[PDB]
Amino acid sequence: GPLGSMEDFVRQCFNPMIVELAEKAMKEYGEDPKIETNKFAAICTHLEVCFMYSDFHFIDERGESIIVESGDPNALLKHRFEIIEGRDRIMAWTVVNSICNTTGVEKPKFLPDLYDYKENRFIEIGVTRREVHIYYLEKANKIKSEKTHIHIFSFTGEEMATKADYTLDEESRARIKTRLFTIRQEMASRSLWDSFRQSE
Ligand SMILES: CN1C(=O)c2c(O)c(=O)ccn2N2[C@H]1CC[C@@]1(CC(F)F)CCc3ccccc3[C@@H]21
Ligand SMILES: [Mn+2]
Ligand SMILES: [Mn+2]
């Protein structure tokens, strides 16, 4: 069919909060969302994954990790994950430093994406249009002996995580994989997927 705009796709597919945080991040790093449109889409996707990973996961009044999908958590429930991504660098490092003071976890060399209050570890989220093992190994060769746990998602449903430790249940991860599949198929419908896949 016709070739669409990636700009139009991003503004229709992602919630306005995600699009706004992505625009803010690209301005911070000197990237124009109007030009680097495939990168804008990749930033929105990765943000959405980070939010989806955290969504519905709480620590309850007994210190137990649970799942509440109702939308209406009582105010004794703590989010299981701190979301680091989506914050300007100052606030992102302020949150990191605050977690490290609270938990005694080592301060990470590189800004991570999430912190898991159950597993007591930072998380690096990856989303790739390439083979997941290739992107896992690129992240691994960057993080080295840093204690940040790596979790990679592809658009084809493959995953790879540090030491085969996937953190979340299968249904939580399937929600993320279903969303990535939806994004890929809607990109393909608008003849965007080929440029997007090859720009990685
Ligand atoms: C600080 N950054 C990250 O936290 C990060 C990731 O967590 C990641 O998994 C992969 C790439 N990352 N990077 C870097 C640098 C800054 C960008 C965003 C900026 F252009 F607005 C560069 C492009 C880009 C594309 C997709 C997703 C995220 C990012 C960001
Ligand atoms: Mn990040
Ligand atoms: Mn990441």
# chains A, B, ... in the order shown; residues from 1 in each chain; ligands from 1
call {"tool": "closest_atom_pairs", "arguments": {"of": "chain A", "to": "ligand 2", "cutoff": "12 Å", "atoms": "only C-alpha atoms and all ligand atoms", "output": "tab-separated table"}}
result
residue	atom	partner	partner_atom_place_in_ligand_line	distance
A:22	CA	ligand 2	1 (Mn)	11.5
A:25	CA	ligand 2	1 (Mn)	10.3
A:42	CA	ligand 2	1 (Mn)	11.8
A:43	CA	ligand 2	1 (Mn)	9.4
A:44	CA	ligand 2	1 (Mn)	11.6
A:45	CA	ligand 2	1 (Mn)	11.9
A:46	CA	ligand 2	1 (Mn)	8.3
A:47	CA	ligand 2	1 (Mn)	8.4
A:48	CA	ligand 2	1 (Mn)	11.8
A:49	CA	ligand 2	1 (Mn)	11.0
A:50	CA	ligand 2	1 (Mn)	8.8
A:51	CA	ligand 2	1 (Mn)	11.9
A:83	CA	ligand 2	1 (Mn)	9.8
A:84	CA	ligand 2	1 (Mn)	7.5
A:85	CA	ligand 2	1 (Mn)	5.2
A:86	CA	ligand 2	1 (Mn)	8.0
A:87	CA	ligand 2	1 (Mn)	9.6
A:88	CA	ligand 2	1 (Mn)	11.0
A:89	CA	ligand 2	1 (Mn)	10.4
A:92	CA	ligand 2	1 (Mn)	9.7
A:93	CA	ligand 2	1 (Mn)	11.7
A:110	CA	ligand 2	1 (Mn)	8.8
A:111	CA	ligand 2	1 (Mn)	6.3
A:112	CA	ligand 2	1 (Mn)	5.3
A:113	CA	ligand 2	1 (Mn)	4.5
A:114	CA	ligand 2	1 (Mn)	8.3
A:115	CA	ligand 2	1 (Mn)	11.6
A:122	CA	ligand 2	1 (Mn)	11.0
A:123	CA	ligand 2	1 (Mn)	9.2
A:124	CA	ligand 2	1 (Mn)	6.7
A:125	CA	ligand 2	1 (Mn)	7.1
A:126	CA	ligand 2	1 (Mn)	8.4
A:127	CA	ligand 2	1 (Mn)	10.7
A:139	CA	ligand 2	1 (Mn)	11.4
A:148	CA	ligand 2	1 (Mn)	11.6
A:150	CA	ligand 2	1 (Mn)	11.3
A:151	CA	ligand 2	1 (Mn)	11.9
call {"tool": "write_last_selection", "arguments": {"atoms": "C-alpha atoms", "output": "PDB file, in the first residue's frame"}}
result
ATOM      1  CA  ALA A  22      10.904  10.444  23.814  1.00  0.00           C
ATOM      2  CA  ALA A  25      15.199  12.570  25.532  1.00  0.00           C
ATOM      3  CA  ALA A  42      12.932   2.982  18.607  1.00  0.00           C
ATOM      4  CA  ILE A  43      13.072   5.340  21.635  1.00  0.00           C
ATOM      5  CA  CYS A  44       9.261   5.222  22.025  1.00  0.00           C
ATOM      6  CA  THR A  45       9.259   1.401  21.732  1.00  0.00           C
ATOM      7  CA  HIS A  46      12.042   0.989  24.322  1.00  0.00           C
ATOM      8  CA  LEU A  47      10.265   3.435  26.731  1.00  0.00           C
ATOM      9  CA  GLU A  48       6.998   1.555  26.312  1.00  0.00           C
ATOM     10  CA  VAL A  49       8.780  -1.765  27.058  1.00  0.00           C
ATOM     11  CA  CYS A  50      10.329  -0.291  30.225  1.00  0.00           C
ATOM     12  CA  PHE A  51       6.863   0.905  31.388  1.00  0.00           C
ATOM     13  CA  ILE A  83      11.693   3.397  36.372  1.00  0.00           C
ATOM     14  CA  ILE A  84      15.014   5.187  35.643  1.00  0.00           C
ATOM     15  CA  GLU A  85      14.439   5.583  31.867  1.00  0.00           C
ATOM     16  CA  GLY A  86      12.333   8.532  30.821  1.00  0.00           C
ATOM     17  CA  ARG A  87      13.910  10.932  33.341  1.00  0.00           C
ATOM     18  CA  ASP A  88      16.385  13.716  32.435  1.00  0.00           C
ATOM     19  CA  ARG A  89      20.010  12.789  33.315  1.00  0.00           C
ATOM     20  CA  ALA A  92      17.843   9.758  36.556  1.00  0.00           C
ATOM     21  CA  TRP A  93      21.171   9.826  38.497  1.00  0.00           C
ATOM     22  CA  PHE A 110      26.150   3.302  33.047  1.00  0.00           C
ATOM     23  CA  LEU A 111      22.583   4.687  33.555  1.00  0.00           C
ATOM     24  CA  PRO A 112      20.253   1.637  33.708  1.00  0.00           C
ATOM     25  CA  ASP A 113      16.545   1.396  32.811  1.00  0.00           C
ATOM     26  CA  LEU A 114      14.851   0.000  35.945  1.00  0.00           C
ATOM     27  CA  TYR A 115      15.595  -1.086  39.499  1.00  0.00           C
ATOM     28  CA  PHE A 122      19.327  -2.634  38.311  1.00  0.00           C
ATOM     29  CA  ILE A 123      18.054  -3.796  34.902  1.00  0.00           C
ATOM     30  CA  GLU A 124      19.151  -2.869  31.387  1.00  0.00           C
ATOM     31  CA  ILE A 125      16.297  -3.352  28.922  1.00  0.00           C
ATOM     32  CA  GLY A 126      17.128  -3.939  25.277  1.00  0.00           C
ATOM     33  CA  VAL A 127      14.830  -4.003  22.273  1.00  0.00           C
ATOM     34  CA  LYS A 139      25.130  -5.134  25.894  1.00  0.00           C
ATOM     35  CA  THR A 148      23.178  -4.590  36.013  1.00  0.00           C
ATOM     36  CA  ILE A 150      20.359  -7.485  31.044  1.00  0.00           C
ATOM     37  CA  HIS A 151      16.985  -8.411  29.474  1.00  0.00           C
TER      38      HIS A 151
END
call {"tool": "select_by_dssp", "arguments": {"residues": "segment 64-184 of chain A", "states": "helix (DSSP H, G or I)", "output": "NGL selection string"}}
result
:A and (89-103 or 132-143 or 162-164 or 170-184)
call {"tool": "closest_residue", "arguments": {"among": "A:21, A:29, A:108, A:198", "to": "residue 144 of chain A", "atoms": "only C-alpha atoms"}}
result
A:108
call {"tool": "closest_residue", "arguments": {"among": "A:174, A:152, A:41, A:132", "to": "ligand 3", "atoms": "only C-alpha atoms and all ligand atoms"}}
result
A:152
call {"tool": "select_by_dssp", "arguments": {"residues": "chain A", "states": "strand (DSSP E)", "output": "JSON, numbers by chain"}}
result
{"A": [57, 58, 59, 65, 66, 67, 78, 79, 81, 82, 83, 114, 115, 116, 121, 122, 123, 124, 125, 126, 127, 128, 149, 150, 151, 152, 153, 154, 159, 160, 161]}
call {"tool": "write_last_selection", "arguments": {"atoms": "N, CA and C atoms", "output": "PDB file, in the first residue's frame"}}
result
ATOM      1  N   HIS A  57       3.220  -4.728  38.633  1.00  0.00           N
ATOM      2  CA  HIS A  57       4.107  -5.440  39.591  1.00  0.00           C
ATOM      3  C   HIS A  57       4.250  -4.616  40.866  1.00  0.00           C
ATOM      4  N   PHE A  58       3.821  -5.169  42.000  1.00  0.00           N
ATOM      5  CA  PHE A  58       3.872  -4.436  43.285  1.00  0.00           C
ATOM      6  C   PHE A  58       4.507  -5.313  44.353  1.00  0.00           C
ATOM      7  N   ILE A  59       5.010  -4.642  45.385  1.00  0.00           N
ATOM      8  CA  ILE A  59       5.429  -5.287  46.652  1.00  0.00           C
ATOM      9  C   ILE A  59       4.329  -4.941  47.632  1.00  0.00           C
ATOM     10  N   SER A  65       6.083  -9.931  46.413  1.00  0.00           N
ATOM     11  CA  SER A  65       5.881  -9.436  45.023  1.00  0.00           C
ATOM     12  C   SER A  65       4.594 -10.040  44.470  1.00  0.00           C
ATOM     13  N   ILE A  66       3.699  -9.192  43.988  1.00  0.00           N
ATOM     14  CA  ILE A  66       2.380  -9.598  43.449  1.00  0.00           C
ATOM     15  C   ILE A  66       2.094  -8.856  42.148  1.00  0.00           C
ATOM     16  N   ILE A  67       1.000  -9.231  41.524  1.00  0.00           N
ATOM     17  CA  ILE A  67       0.553  -8.628  40.249  1.00  0.00           C
ATOM     18  C   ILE A  67      -0.864  -8.110  40.460  1.00  0.00           C
ATOM     19  N   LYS A  78       3.607  -0.948  47.074  1.00  0.00           N
ATOM     20  CA  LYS A  78       4.802  -0.287  46.476  1.00  0.00           C
ATOM     21  C   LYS A  78       4.979  -0.827  45.048  1.00  0.00           C
ATOM     22  N   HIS A  79       5.193   0.039  44.053  1.00  0.00           N
ATOM     23  CA  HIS A  79       5.725  -0.453  42.768  1.00  0.00           C
ATOM     24  C   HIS A  79       6.977  -1.297  43.031  1.00  0.00           C
ATOM     25  N   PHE A  81       9.159  -1.992  40.716  1.00  0.00           N
ATOM     26  CA  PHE A  81      10.259  -1.444  39.895  1.00  0.00           C
ATOM     27  C   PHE A  81      10.266   0.059  40.075  1.00  0.00           C
ATOM     28  N   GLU A  82      11.467   0.578  40.166  1.00  0.00           N
ATOM     29  CA  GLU A  82      11.734   2.023  39.965  1.00  0.00           C
ATOM     30  C   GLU A  82      12.028   2.128  38.463  1.00  0.00           C
ATOM     31  N   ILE A  83      11.422   3.104  37.808  1.00  0.00           N
ATOM     32  CA  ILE A  83      11.693   3.397  36.372  1.00  0.00           C
ATOM     33  C   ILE A  83      12.730   4.535  36.301  1.00  0.00           C
ATOM     34  N   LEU A 114      15.793   0.282  34.829  1.00  0.00           N
ATOM     35  CA  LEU A 114      14.851   0.000  35.945  1.00  0.00           C
ATOM     36  C   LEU A 114      15.680  -0.400  37.157  1.00  0.00           C
ATOM     37  N   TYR A 115      15.048  -0.362  38.313  1.00  0.00           N
ATOM     38  CA  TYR A 115      15.595  -1.086  39.499  1.00  0.00           C
ATOM     39  C   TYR A 115      14.483  -1.979  40.051  1.00  0.00           C
ATOM     40  N   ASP A 116      14.862  -3.226  40.321  1.00  0.00           N
ATOM     41  CA  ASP A 116      13.947  -4.266  40.843  1.00  0.00           C
ATOM     42  C   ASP A 116      14.125  -4.370  42.362  1.00  0.00           C
ATOM     43  N   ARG A 121      18.342  -5.339  42.184  1.00  0.00           N
ATOM     44  CA  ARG A 121      19.319  -5.143  41.098  1.00  0.00           C
ATOM     45  C   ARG A 121      18.764  -4.181  40.065  1.00  0.00           C
ATOM     46  N   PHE A 122      19.650  -3.393  39.529  1.00  0.00           N
ATOM     47  CA  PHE A 122      19.327  -2.634  38.311  1.00  0.00           C
ATOM     48  C   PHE A 122      19.161  -3.568  37.112  1.00  0.00           C
ATOM     49  N   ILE A 123      18.369  -3.076  36.154  1.00  0.00           N
ATOM     50  CA  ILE A 123      18.054  -3.796  34.902  1.00  0.00           C
ATOM     51  C   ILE A 123      18.364  -2.888  33.698  1.00  0.00           C
ATOM     52  N   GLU A 124      19.024  -3.475  32.712  1.00  0.00           N
ATOM     53  CA  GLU A 124      19.151  -2.869  31.387  1.00  0.00           C
ATOM     54  C   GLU A 124      18.184  -3.615  30.460  1.00  0.00           C
ATOM     55  N   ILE A 125      17.244  -2.866  29.910  1.00  0.00           N
ATOM     56  CA  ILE A 125      16.297  -3.352  28.922  1.00  0.00           C
ATOM     57  C   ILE A 125      16.823  -3.093  27.529  1.00  0.00           C
ATOM     58  N   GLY A 126      16.835  -4.104  26.702  1.00  0.00           N
ATOM     59  CA  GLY A 126      17.128  -3.939  25.277  1.00  0.00           C
ATOM     60  C   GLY A 126      15.989  -4.371  24.417  1.00  0.00           C
ATOM     61  N   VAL A 127      15.776  -3.644  23.322  1.00  0.00           N
ATOM     62  CA  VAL A 127      14.830  -4.003  22.273  1.00  0.00           C
ATOM     63  C   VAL A 127      15.563  -3.966  20.952  1.00  0.00           C
ATOM     64  N   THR A 128      15.504  -5.054  20.199  1.00  0.00           N
ATOM     65  CA  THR A 128      16.281  -5.170  18.958  1.00  0.00           C
ATOM     66  C   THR A 128      15.401  -5.651  17.827  1.00  0.00           C
ATOM     67  N   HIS A 149      21.518  -6.257  35.507  1.00  0.00           N
ATOM     68  CA  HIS A 149      20.961  -7.426  34.833  1.00  0.00           C
ATOM     69  C   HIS A 149      20.425  -7.034  33.465  1.00  0.00           C
ATOM     70  N   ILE A 150      20.727  -7.824  32.443  1.00  0.00           N
ATOM     71  CA  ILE A 150      20.359  -7.485  31.044  1.00  0.00           C
ATOM     72  C   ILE A 150      19.130  -8.290  30.656  1.00  0.00           C
ATOM     73  N   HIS A 151      18.124  -7.671  30.023  1.00  0.00           N
ATOM     74  CA  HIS A 151      16.985  -8.411  29.474  1.00  0.00           C
ATOM     75  C   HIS A 151      16.665  -7.818  28.096  1.00  0.00           C
ATOM     76  N   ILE A 152      16.856  -8.632  27.082  1.00  0.00           N
ATOM     77  CA  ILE A 152      16.662  -8.262  25.667  1.00  0.00           C
ATOM     78  C   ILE A 152      15.356  -8.877  25.147  1.00  0.00           C
ATOM     79  N   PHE A 153      14.581  -8.072  24.424  1.00  0.00           N
ATOM     80  CA  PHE A 153      13.393  -8.463  23.659  1.00  0.00           C
ATOM     81  C   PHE A 153      13.641  -8.188  22.195  1.00  0.00           C
ATOM     82  N   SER A 154      13.206  -9.070  21.320  1.00  0.00           N
ATOM     83  CA  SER A 154      13.175  -8.764  19.875  1.00  0.00           C
ATOM     84  C   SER A 154      11.744  -8.550  19.441  1.00  0.00           C
ATOM     85  N   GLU A 159      13.775 -13.691  23.351  1.00  0.00           N
ATOM     86  CA  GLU A 159      14.292 -12.980  24.507  1.00  0.00           C
ATOM     87  C   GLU A 159      15.626 -13.593  24.892  1.00  0.00           C
ATOM     88  N   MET A 160      16.458 -12.794  25.517  1.00  0.00           N
ATOM     89  CA  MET A 160      17.707 -13.290  26.135  1.00  0.00           C
ATOM     90  C   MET A 160      18.006 -12.453  27.362  1.00  0.00           C
ATOM     91  N   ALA A 161      18.301 -13.102  28.469  1.00  0.00           N
ATOM     92  CA  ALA A 161      18.525 -12.393  29.723  1.00  0.00           C
ATOM     93  C   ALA A 161      19.756 -12.964  30.408  1.00  0.00           C
TER      94      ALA A 161
END
call {"tool": "closest_residue", "arguments": {"among": "A:14, A:136, A:9, A:56", "to": "ligand 3", "atoms": "only C-alpha atoms and all ligand atoms"}}
result
A:136
call {"tool": "atom_distance", "arguments": {"atom1": "atom CA of residue 11 of chain A", "atom2": "atom 17 (C, counted along the ligand's line) of ligand 1"}}
result
18.8 Å
call {"tool": "closest_residue", "arguments": {"among": "A:186, A:69, A:169, A:28", "to": "residue 90 of chain A", "atoms": "only C-alpha atoms"}}
result
A:28
call {"tool": "atom_distance", "arguments": {"atom1": "atom CA of residue 94 of chain A", "atom2": "atom CA of residue 145 of chain A"}}
result
22.9 Å
call {"tool": "atom_distance", "arguments": {"atom1": "atom CA of residue 61 of chain A", "atom2": "atom CA of residue 77 of chain A"}}
result
6.4 Å
call {"tool": "residues_around", "arguments": {"residues": "residue 7 of chain A", "least_positions_apart": "5", "cutoff": "10 Å", "atoms": "only C-alpha atoms", "output": "number ranges by chain"}}
result
A: 12, 33-38, 40-41
call {"tool": "write_last_selection", "arguments": {"atoms": "C-alpha atoms", "output": "PDB file, in the first residue's frame"}}
result
ATOM      1  CA  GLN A  12      -0.994   7.272  16.785  1.00  0.00           C
ATOM      2  CA  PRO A  33      12.538  13.634  16.253  1.00  0.00           C
ATOM      3  CA  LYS A  34      11.342  15.220  12.979  1.00  0.00           C
ATOM      4  CA  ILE A  35      14.542  13.938  11.159  1.00  0.00           C
ATOM      5  CA  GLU A  36      15.686  10.856  13.063  1.00  0.00           C
ATOM      6  CA  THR A  37      12.177   9.342  12.876  1.00  0.00           C
ATOM      7  CA  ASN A  38      13.226   5.611  12.969  1.00  0.00           C
ATOM      8  CA  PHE A  40      12.262   8.304  17.575  1.00  0.00           C
ATOM      9  CA  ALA A  41      10.198   5.111  16.999  1.00  0.00           C
TER      10      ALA A  41
END
